[PDB]
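Methodologically, a virtual Cβ is constructed for each residue, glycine included, from the backbone with ideal geometry; neighbour enumeration extends over all protein chains shown. Every read-out reported here was derived from the displayed coordinates using simple, explicitly stated rules and does not represent laboratory data.
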Amino acid sequence: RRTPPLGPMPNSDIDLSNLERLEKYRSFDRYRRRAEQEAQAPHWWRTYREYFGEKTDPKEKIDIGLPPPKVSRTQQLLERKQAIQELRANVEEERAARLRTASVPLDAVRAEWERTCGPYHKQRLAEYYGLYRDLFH
Amino acid sequence: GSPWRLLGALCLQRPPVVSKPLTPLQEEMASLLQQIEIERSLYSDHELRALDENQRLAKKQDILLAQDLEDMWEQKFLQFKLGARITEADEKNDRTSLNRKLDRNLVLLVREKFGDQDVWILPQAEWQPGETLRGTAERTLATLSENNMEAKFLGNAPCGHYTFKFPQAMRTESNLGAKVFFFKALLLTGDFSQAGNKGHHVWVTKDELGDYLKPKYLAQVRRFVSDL
Amino acid sequence: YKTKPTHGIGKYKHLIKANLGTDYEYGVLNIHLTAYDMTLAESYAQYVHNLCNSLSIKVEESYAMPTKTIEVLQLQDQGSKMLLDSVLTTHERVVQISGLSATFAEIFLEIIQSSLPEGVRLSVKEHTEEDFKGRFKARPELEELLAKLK
Amino acid sequence: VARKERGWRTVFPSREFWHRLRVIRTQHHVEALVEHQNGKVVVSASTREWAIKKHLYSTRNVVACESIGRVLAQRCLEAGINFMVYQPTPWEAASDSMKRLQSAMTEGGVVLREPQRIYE
Amino acid sequence: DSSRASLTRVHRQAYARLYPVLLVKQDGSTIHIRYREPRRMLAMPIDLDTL
Amino acid sequence: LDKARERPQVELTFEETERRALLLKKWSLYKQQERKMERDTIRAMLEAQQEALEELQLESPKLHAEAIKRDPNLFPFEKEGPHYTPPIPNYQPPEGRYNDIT
RNA sequence: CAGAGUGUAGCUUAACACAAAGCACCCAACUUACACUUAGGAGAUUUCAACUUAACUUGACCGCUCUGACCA
């Protein structure tokens with residue numbers, strides 16, 4: 001007795017008539033990447049994340065935060081690209097990079113992060129610590 | 001059968017006999033490669049002989065010295081004369097003789113009188129039933145006037161096409177237009193005779209091919225002609 | 001489990017493999033490169049291999065044959081005796097390919113002959129009558145062949 | 001005293017940890033993540049970020065890896081996490097960029113060995 | 001392009017130094033090769049049998 | 001195996017190493033451009049041949065079939081690399097002979 | 001020359017923004033060679049404006065493909 005599958009087979013899409021023509025992984029890293037990308041996808045069979053992964057309510061996480069500020073992406077990108085252009089033109093920076101002895105200002109990068117990407121990392125860290133779950137229900 | 005006439009053409013090609021002039025950056029590449037060879041290689045017998053002779057002379061029976069042999073070989077080099085890469089055909093821009101532009105590939109072109117106007121095109125021949133396009137190409141090579149050539153033929157599929165229509169003069173229901181198919185070949189040896197040189201054929205490179213070719217014909221030909 | 005709809009999800013050998021010349025493509029071809037400069041010969045051989053990989057044409061294998069040493073002997077000045085002058089070594093690099101289209105064969109031959117360096121001689125031919133296929137079989141391949149035979 | 005997800009001995013990598021450090025070295029960019037075993041990601045340090053792009057010559061070299069390691073070590077020190085695990089393949093472990101990242105973590109004070117669970 | 005791989009080096013761990021020399025064929029054409037001795041110009045002789 | 005044939009190693013200067021690095025990093029771009037040129041020219045030739053073949057198929061199925069049929073004249077072919085100088089039409093080298101040592 | 005169609009370096013139903021991303025691709029190291037790996041490099045939103053984020057919505061401009069015009 002055989003019962004038809006409830007969903008597409010994991011290797012149903014790949015043809016086998018020209019498997020010799022099909023390019024192989026030829027490396028472990030590519031297979032690992034494809035494997036993790038596949039594992040990060042939903043499946044119709046029982047899986048580890050079904051039993052051990054946390055379950056979230058289907059409704060989107062409600063936001064109470066300040067509305068996001070607007071910014072000109074084109075101007076921002078132009079200034080960033082000219083800054084990196086001059087940075088790469090600087091030969092001393094290039095020589096330090098090739099000698100693997102260059103150093104970055106930790107205080108400066110942290111101060112800039114606190115204005116650029118700080119809020120999102122802090123929100124993610126608070127969510128990991130579970131504050132948004134206990135308080136605000 | 002069909003209102004479109006069928007002609008098979010041949011594109012006679014001669015590759016360079018000598019390597020192209022080296023870019024200065026490639027000369028630097030060669031210099032660095034030889035420098036690495038010298039830095040990473042072991043001592044040759046010539047250098048061992050030179051070192052032994054120098055040490056023995058410093059401390060103090062070899063009649064011939066390593067430096068003397070090097071100088072004699074240099075004298076033999078200056079005595080010997082090499083092939084002149086620059087030729088009289090290069091000096092005169094002789095686009096008909098084979099000894100022009102040894103560094104770059106050359107393509108043959110012939111003159112035909114169509115529509116009361118000479119047009120620079122490749123050799124062509126009408127297609128006949130029961131004979132392949134390569135057979136028609138061989139027949140065109142034979143039809144070429146006073147040429148003794150041997151050409152290497154690669155494959156059978158066409159290398160390109162060019163379609164044209166009659167300028168409302170000979171455009172008829174039976175003969176609407178025509179299409180020509182191009183085939184590549186490699187010239188091993190051969191030459192034309194001295195009877196007809198200027199009015200029969202020319203040999204030119206890809207860069208100046210457009211000077212003789214029509215814009216449309218050149219646009220079609222450049223898809224398969226190269227400059228390597 | 002066989003009864004359950006997820007039967008066969010664990011199968012993997014159907015994704016793994018368990019010569020005749022067509023009338024449109026050539027079965028097996030061999031390109032032999034002869035040179036007195038082994039470095040240039042091997043460099044052009046590896047260039048051909050890289051181009052074949054880029055063009056997605058199967059390469060059976062790439063190897064080399066033992067070098068044949070041909071000495072140069074010169075006649076002395078004002079004499080009649082033959083004396084050794086220099087020694088030349090002929091290195092041969094062979095690349096065996098399979099599955100080349102006739103339409104693409106002309107393109108491949110043109111590009112390789114246009115990229116052929118100085119002092120190297122190419123010879124592209126069939127090399128199929130001498131394919132004895134007398135190779136030392138590995139343990140799993142020989143065991144699979146024995147299982148098929150028995 | 002938290003129980004670790006022991007097992008998975010037939011697959012790589014093992015999941016017996018509380019925090020894992022993952023390194024993704026792409027063609028143009030390099031990312032480092034510190035994430036929990038249940039799936040949640042704690043902290044990140046990616047070369048796409050402008051505060052390090054503006055001072056980084058190239059995002060795909062040993063200097064980039066060193067900068068990412070130092071920045072992530074500082075972020076983890078500020079976040080309070082001190083102990084993690086590192087599960088590299090042998091070739092990427094022998095890779096020079098990753099060992100300099102390990103040196104950066106050590107000098108920043110992050111320890112890549114977790115304390116053993118107290119069963120009794 | 002004939003110069004695709006004409007500029008290469010020796011990929012060997014142990015070998016003796018070579019020199020840029022010219023080999024002249026039967027018809028006089030010269031090709032650059034490397035030889036143990038600093039014989040810049042060398043020419044192959046013609047064969048007695050091929051007569 | 002003798003170490004007498006070994007040579008002393010001349011130390012490289014900092015400017016020399018910098019020049020080596022810069023030349024290598026521009027060689028990378030130069031070879032990338034050369035490979036790009038080869039890729040686009042072979043793609044153009046392939047597309048031109050495909051268009052010519054499809055035009056031939058439209059013109060006549062029989063000529064198309066006999067053109068796509070393989071050729072038995074090909075693949076004895078041999079090609080010799082170019083020389084640095086053109087051959088000398090007037091040249092008589094002395095006599096000689098060859099030997100094989102295995 | 002006219003009528004329709006199209007637009008991110010090669011590809012992508014990549015781009016919510018925090019950000020122009022992933023892969024292939026190019027060079028050096030190992031290898032006869034290939035491949036893996038390590039260490040390096042090149043890259044893109046065609047250009048102008050619209051209350052403004054706007055590669056993303058609308059125009060003009062620009063660049064390509066298809067069909068008619070021209071046609072040895």
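Return one quarter of the surface area of the convex hull spanned by the alpha-carbon atoms of chain E, equal to its mean projected area, in nm².
Numbers: hull surface 22.1 nm².
Averaged projected area of chain E's Cα convex hull equals 5.5 nm².
Would you mind ranking B:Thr143, C:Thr39 so that the residue whose beta carbon has the fewest other beta carbons within 10 Å leads the list?
Result, fewest neighbours first: B:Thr143, C:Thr39.
Starting at the first residue of region A:121-130, write each ³J(HN,Hα) from the Karplus equation 6.51 cos²θ - 1.76 cosθ + 1.60 with θ = phi - 60°, in whole Hz, x for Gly and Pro.
Coupling constants for region A:121-130: 4, 5, 4, 4, 5, 5, 4, 4, 6, x Hz.
Beyond 24 Å, how much of the Cα-Cα pair distribution for chain F remains, as a whole percent?
Percent of Cα pairs beyond 24 Å in chain F: 72.
At a 10 Å Cβ-Cβ cut-off, how would you order C:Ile70, D:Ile118, fewest neighbours first?
Going from sparsest to densest Cβ surroundings: D:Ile118, C:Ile70.
Given a Förster distance of 25 Å, report the FRET efficiency between B:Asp90 and F:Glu16 from their Cβ-Cβ distance, rounded to the nearest 0.05.
0.05
Give the Debye-formula value of log10 I(q)/I(0) at each listed q (0.15 Å⁻¹), with one equal scatterer per alpha carbon of chain C, two decimals each.
-0.95
Taking A:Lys122 as the anchor, which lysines have their alpha carbon closer than 29 Å to its alpha carbon, excluding any fewer than eight residues away along the same chain?
Answer for A:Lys122, where 29 Å is the Cα cut-off: A:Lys55, A:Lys59, A:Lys61, A:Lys70, A:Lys81, D:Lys4, D:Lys40, D:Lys53, D:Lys54, D:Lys99, listed by chain and number.
Sort B:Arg95, A:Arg1 so that the residue with the fewest other Cβ atoms within 10 Å of its own Cβ comes first and the one with the most comes last.
Values: B:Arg95 19, A:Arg1 5.
Result, fewest neighbours first: A:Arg1, B:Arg95.
State, to one decimal in nm², a quarter of the convex hull surface area for the C-alpha atoms of the protein assembly as shown, i.e. the direction-averaged projected area.
Across all orientations, the protein assembly as shown yields a mean hull projection of 56.6 nm².
At q = 0.18, 0.20 Å⁻¹, what log₁₀ I(q)/I(0) does a Debye calculation on the Cα points of region D:1-119 give, no solvent, two decimals?
One equal scatterer on each Cα of region D:1-119 leads to -0.95, -1.15.
Quick one: angle between helix F:14-59 and the longest Cα principal axis of chain F, in degrees between 0 and 90, rounded to 10, please.
10 degrees
How much length is gained if the chain between A:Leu19 and A:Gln40 is pulled fully straight, taking 0.36 nm per residue apart and subtracting their Cα-Cα distance, in nm to one decimal?
Full-extension gain reported as 5.0 nm.
List the pairs from B:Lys20/B:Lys206; A:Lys24/C:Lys17; B:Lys184/E:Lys25; B:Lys165/B:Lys206; B:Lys20/B:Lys92; C:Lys58/C:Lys133 whose alpha-carbon separation is above 23 Å, in the order I gave them.
Working: B:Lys20/B:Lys206 15 Å; A:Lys24/C:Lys17 12 Å; B:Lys184/E:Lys25 30 Å; B:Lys165/B:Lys206 26 Å; B:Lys20/B:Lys92 20 Å; C:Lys58/C:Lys133 18 Å.
Pairs exceeding the cut-off: B:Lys184/E:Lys25; B:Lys165/B:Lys206.
Length gain on complete extension for the stretch A:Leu6 to A:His137, per 0.36 nm per residue less the alpha carbon to alpha carbon distance?
43.5 nm
So what is the diffusion coefficient of chain B in µm² per second by Stokes-Einstein at 20 °C and 1.002 mPa s, using a Kirkwood Rh over Cα pairs?
Stokes-Einstein gives a translational diffusion coefficient of 96 µm²/s.
Output the antiparallel fraction of DSSP beta bridges having both residues in region D:1-119, as a percent to the nearest 5.
Antiparallel: roughly 80 percent of the beta bridges in region D:1-119.
Using unit Cβ charges (K, R positive; D, E negative) and no other charged atoms, how large, in debye to the nearest 20, is the dipole of the protein assembly as shown about its Cα centre?
Computed about the Cα centre, the dipole is about 3860 debye.
Between the helical axis of A:106-116 and the dominant principal axis of chain A, each derived from Cα atoms, what acute angle in degrees is found, rounded to the nearest 10?
70 degrees
Counting each DSSP H run of 4 or more residues in the protein assembly as shown as -39500 (n - 2.57), what helix-only mean residue ellipticity at 222 nm follows after dividing by all residues, to the nearest 500 deg cm²/dmol?
-11000 deg cm²/dmol
Tilt of helix D:96-108 relative to the longest C-alpha principal axis of chain D, in degrees (0 to 90, nearest 10)?
It works out to around 70 degrees.
So if we plug the beta-carbon distance of D:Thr10 and A:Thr116 into 1/(1 + (r/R0)^6) with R0 = 51 Å, what FRET efficiency do we get, rounded to 0.05? All intermediate terms of the calculation are to be shown ahead of the outcome.
Details: r = 43 Å, r/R0 = 0.85.
That gives a FRET efficiency of 0.75.
In chain E, what percentage of the DSSP-assigned beta bridges are antiparallel, given to the nearest 5?
If I count the DSSP bridges inside chain E, around 65 percent turn out antiparallel.
Set the Förster distance to 22 Å, then compute FRET efficiency between E:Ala16 and B:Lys60 from the Cβ-Cβ distance, nearest 0.05.
Result of the calculation: an efficiency of 0.20.
With +1 on each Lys and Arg Cβ and -1 on each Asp and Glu Cβ, and nothing else charged, work out how big the dipole of region B:126-228 is about its Cα centre, in Debye to the nearest 20.
Its charge dipole is roughly 440 debye.
Pairs of Cα atoms under 8 Å, at least six residues apart: use those to get the relative contact order of chain D, whole percent.
24 percent
Can you tell me what share of the DSSP beta bridges in the protein assembly as shown is antiparallel? A percent to the nearest 5 is fine.
Close to 80 percent.
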